[PDB]
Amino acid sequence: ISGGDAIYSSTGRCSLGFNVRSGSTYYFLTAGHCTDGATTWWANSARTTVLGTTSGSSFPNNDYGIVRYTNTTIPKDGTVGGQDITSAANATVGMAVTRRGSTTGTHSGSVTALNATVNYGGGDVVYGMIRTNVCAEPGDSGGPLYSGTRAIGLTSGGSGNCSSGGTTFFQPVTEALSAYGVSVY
């Protein structure tokens, strides 16, 4: 399993952001709104292949979560689909980026703003967000935003759609790596 692939919790389906590790411990990152209240994660809609269990979750305010792998045989690729990821970086205005998610696949675009505040309502406000002109749709939450072999962010939310065009906000991945003390590989 790699960045962009579906992940299923008790409640719905999200996308795997990035495979990360600390020491000999493998985890994956996804959106915090996805990890909020989820315990176990599976690889398939049938909930037959276990992946692991949530170890952390930060939403709202931020929008990142981490799940610890408990499945021993599943390959945990350090990629996004076939794409190798070798490092993490800070987004910059004008940066060309690509997103991958479980519903819409791969779409590209560019970073249009930094430090955006997005209000999803009912007190769910997130801060510090990367704004882009990449589209995304339900199911794509938590998938990776990357640029070449660099990890940049995790899909959080936005408006519009892939047919007509949209704006998507992403949580900086650097922030998540630092909070959990993990790194991409």
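In this text, residue numbers run from 1 along the sequence as written.
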Taking the mean of the C-alpha B-factors per stretch from the entry, tell me the winner out of 137 to 145 and 35 to 43. 35 to 43
Using only C-alpha atoms and the B-factors in the entry, which stretch averages higher, 83 to 91 or 107 to 115? 83 to 91
Just to confirm, going by the entry's C-alpha B-factors, which of 168, 15, 19, 24 comes out highest? 24
So where's residue 50 on the chain's Cα temperature factor ranking, which third? highest
Among the chain's modelled residues, which third holds the C-alpha B-factor of residue 128? lowest
For residue 61, return the chain-relative third of its C-alpha B-factor as stated in the PDB record: lowest, middle or highest. middle
